[PDB]
Amino acid sequence: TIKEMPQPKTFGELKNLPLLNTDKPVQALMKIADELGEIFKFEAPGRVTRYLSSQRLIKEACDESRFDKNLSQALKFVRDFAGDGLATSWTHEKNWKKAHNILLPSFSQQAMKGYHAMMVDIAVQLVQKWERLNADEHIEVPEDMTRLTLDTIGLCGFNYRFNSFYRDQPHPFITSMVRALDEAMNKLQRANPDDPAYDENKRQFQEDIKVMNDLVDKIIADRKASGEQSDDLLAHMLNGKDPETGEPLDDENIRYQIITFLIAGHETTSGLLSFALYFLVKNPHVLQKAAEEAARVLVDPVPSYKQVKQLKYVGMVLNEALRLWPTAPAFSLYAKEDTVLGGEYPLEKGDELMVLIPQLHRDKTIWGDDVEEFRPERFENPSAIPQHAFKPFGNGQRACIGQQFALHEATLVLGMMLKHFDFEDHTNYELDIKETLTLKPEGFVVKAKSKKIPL
Ligand code: HEM
Ligand SMILES: C=Cc1ccccc1
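Residues numbered from 1 in each chain as written, not as in the entry; some residues may be left out. Chains lettered and ligands numbered in written order. Heavy atoms only, no water.

This deposited entry lists X-ray crystallography as its structure determination method and 1.40 Å as its resolution.

Per the PDB entry, the protein chain goes by Bifunctional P-450/NADPH-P450 reductase and derives from Bacillus megaterium.

Rendered as structure tokens:
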């Protein structure tokens, strides 16, 4: 029979809404889940969702015959500049399935072999930056990781160089994309959005949408004009046809895909590299085992695709960082039809669910009692992990299309970092996780002492 769902504290007619009026709402929801357990109701004026934390319930939420992707309010705000690109589209929009089918070959593990050389171009620029630091300078870790991931998406995707390692202030496009994301997220905690206080925000948002559209629309038009034949993401969208409908993407949807790759991939991936290096410096025995593998495998001056696939322990480090702090920490679902969740929670068609990934990844019934320890070896026998226990890239057809790109990039870069430098947590850095659409260890800094191995 039916179980009644717990609910966190309420604020009269505002219901639970003021609980998300905080700088770190994911971390606040994790503490609620510790207090209330695997499922709790969350109400706001005019809306409700149910937050899920256990593998037992999230295995069912991941059944695509019963639940489909919902656009969170954050994604609906991002949609104002990401349009109907893949991340901010409903599964029922025609341009979702058309873009999914056209793009999927461009994102496969096999496709990584053609992106590898340009990933090494940007990775070598990061290593050279660090080798050229003076004694006792330091590294700002998320900032350098983000320079790397943005430049790698831009080059590998569309043959465009942001030249982030040549700058203090980013390329105008980046400045506009970052200020537009930041406005979209700030709209989630704005009590009176038509107050004159926000006139300048409005004006600045429209200006940044035009900067992004103008740049990306020109890159697409320049490529079509030159007839330059390439195999990059832009090439495949200009050339590719959906096998189902037989149609290509139009130029406006190509622009939205390019903007989408930039915003979906830049901070997720740079957060994964930042959290990985954080956990290595805080666990020197794990750092040592990952550095030994990098030295044994990366025997040439430039890593090859085949070498990066042999950095097995580096891969487990990266999975263990995604376990503890998955950098896109939540995703939303709706019930396609009335159904019962977990034998005891009846749901009506349209009812929303939220998957709280960091909490899923702390389920002691899956991982055992040491869930807060950073132990990459927990990924040595991955066939033993039950279904839907480990969800940093989302679920099903609406899972991350960039997963192979992100992990090849992060394994290559973290392997080169461990081959080339010893690392010092010179400030005994205290973890402070800043939340935007993604998670970052804010202010994480290290010193890197060169092992003096040439490139
Ligand atoms: C470690 C890094 C990354 C993480 C943790 C991550 C995480 C996720 C998650 C959780 C989703 C599902 C969102 C939802 O259900 O609402 C998603 C979707 C998506 N991501 Fe990633 N992502 C990463 C890197 C990337 C990269 C590098 C790209 C592009 C190059 C990319 C492109 C996309 C796209 C286009 C979608 C929407 C796919 C669809 O719905 O068809 N991501 N990602
Ligand atoms: C479009 C932004 C985004 C960010 C994280 C995951 C998926 C998409």
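Back to the text.
Undergrad: Give a description of the packing of helix α6 (residues 141-158) against helix α16 (residues 403-420) that names residues and reports values.
TA: Two elements in contact, α6 and α16, have axes whose closest approach is 12 Å; the angle formed by their N-to-C orientations is 130°. It follows from the interaxial angle that α6 and α16 lie oblique. Relative to α16, the crossing made by α6 is right-handed. Of α16, the residues touching α6 (which contributes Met145, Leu148, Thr149, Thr152, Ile153 and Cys156) are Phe405, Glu409, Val413 and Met417. Here the contact of α6 with α16 is built from residues that sort into seven nonpolar, two polar and one charged. (Axes fitted to C-alpha atoms, helices over the stretch in contact; angles between N-to-C directions. Helix = DSSP H or I, 4+ residues; strand = E, 2+ residues; numbered from the N terminus. Parallel < 35°, antiparallel > 145°, perpendicular 65-115°, else oblique. Left-handed = near helix turned anticlockwise from the far one by under 90°. Contact = heavy atoms within 4.5 Å. Nonpolar A, V, L, I, M, F, W, Y, C, P; charged D, E, K, R; others polar.)

Undergrad: If you had to explain the site of ligand 2 to someone new, which residues and values would you point to?
TA: The local shell around ligand 2 consists of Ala87, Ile263, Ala264, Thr268, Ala328 and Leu437. If ligand 2 stood free it would expose 260 Å²; the protein chains cover 80% of that surface. Split by residue class, the shell around ligand 2 holds five nonpolar, one polar and no charged. (Near = heavy atom within 4 Å. Areas by Shrake-Rupley, 256 points an atom, 1.4 Å probe, with all protein chains shown as cover.)

Undergrad: I'd like a rundown of the site of ligand 1, residues and numbers included.
TA: Around ligand 1 there are 24 residues in total, and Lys69, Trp96, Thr268, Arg398 and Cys400 lie nearest to it. Within the backbone of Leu86, a nitrogen or oxygen atom sits 3.4 Å from an oxygen atom of ligand 1. Residue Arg398 places a side-chain N or O atom 2.8 Å away from an oxygen atom belonging to ligand 1. (Polar contact = N/O pair within 3.5 Å; in protein donor to acceptor, adjacent residues only side chain to side chain.)

Undergrad: Help me get a handle on the sheet that holds strand β8 (residues 352-356), residues and values and all.
TA: On the basis of which strands lie adjacent, the open sheet formed by five strands has the order β1-β2-β8-β5-β3 and mixed pairing. Of all strands in the sheet, those with a lone pairing partner are β1 (39-44) and β3 (67-69), marking the two edges. Taking the axes of each pair of neighbouring strands and ignoring which way they run, one obtains an average angle of 35° across the sheet. Strand direction decides the pairing type here: strand β5 (residues 330-335) and β8, joined by five bridges, are antiparallel. Among the inter-strand pairings, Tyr334 is bridged to a residue of β8, identified as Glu352. (Pairing = 2+ DSSP bridges.)

Undergrad: Describe the packing of aromatic side chains, and please don't skip the residues or the numbers.
TA: According to the stated counting rule, one finds 21 aromatic pairs in the structure shown. With centroids separated by 5.9 Å and ring planes inclined at 80°, the aromatic side chains of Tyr278 and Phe444 adopt a geometry described as edge-to-face. Pair noted here: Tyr278 is in helix α10 (residues 251-282) and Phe444 is in the loop between β11 (439-441) and β12 (445-450), with a separation of 166 residues, a long-range link. The pair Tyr278 / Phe444 is uniform in exposure class, with both members buried. Both rings, one in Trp367 and one in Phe379, keep their centres 5.7 Å apart while their planes meet at 45°; by these two values the pair is tilted. Of this pair, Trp367 sits in helix α15 (residues 364-367) while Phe379 sits in the loop between α15 and α16, placing them 12 residues apart in sequence. An aromatic cluster of three or more residues is present, and its members are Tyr278, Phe279, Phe374, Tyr429 and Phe444. Above the plane of the ring of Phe205 lies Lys187, whose end atom (NZ or CZ) is 4.2 Å from the centre. (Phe/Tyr/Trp six-rings, centres within 6.5 Å; stacked < 30°, edge-to-face > 60°. Buried < 20%, exposed > 50% of the residue type's maximum accessible area, 1.4 Å probe, protein only. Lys NZ or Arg CZ within 6 Å of the ring centre and 35° of its normal.)

Undergrad: Now, about the environment of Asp432: what can you tell me, with residues and values included?
TA: Relative to the helices and strands, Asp432 resides in the loop between β9 (421-424) and β10 (433-435). Distance from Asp432 to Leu215, taken between C-alpha atoms, is 35 Å for residues 217 residues apart in sequence. Contacts of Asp432, omitting those with residues within four sequence positions, involve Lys24, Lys440, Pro441 and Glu442. Side chain to side chain, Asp432 and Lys24 meet in a polar contact 2.7 Å long.

Undergrad: Got a sec to walk through the state of the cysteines? Specific residues and values, please.
TA: Per the counting criterion, the structure on display carries zero disulfides. No disulfide involves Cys156; its sulfur sits 15 Å from the nearest other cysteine sulfur, which is in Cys400. (Disulfide = S-S within 2.5 Å.)

Undergrad: Give a description of the nonpolar core that names residues and reports values.
TA: Grouped together as the largest cluster of nonpolar side chains are 115 residues, with contacts concentrated most on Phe81, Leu414 and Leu418. A total of 15 residues in this core trace back to one element, the largest contributor, which is α10. The residues contacting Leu414, other than those within four sequence positions of it, are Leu273, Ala276, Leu280, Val314, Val317 and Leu318. (Core = buried A, V, L, I, M, F, W, Y, C linked by side-chain atoms within 4.5 Å.)

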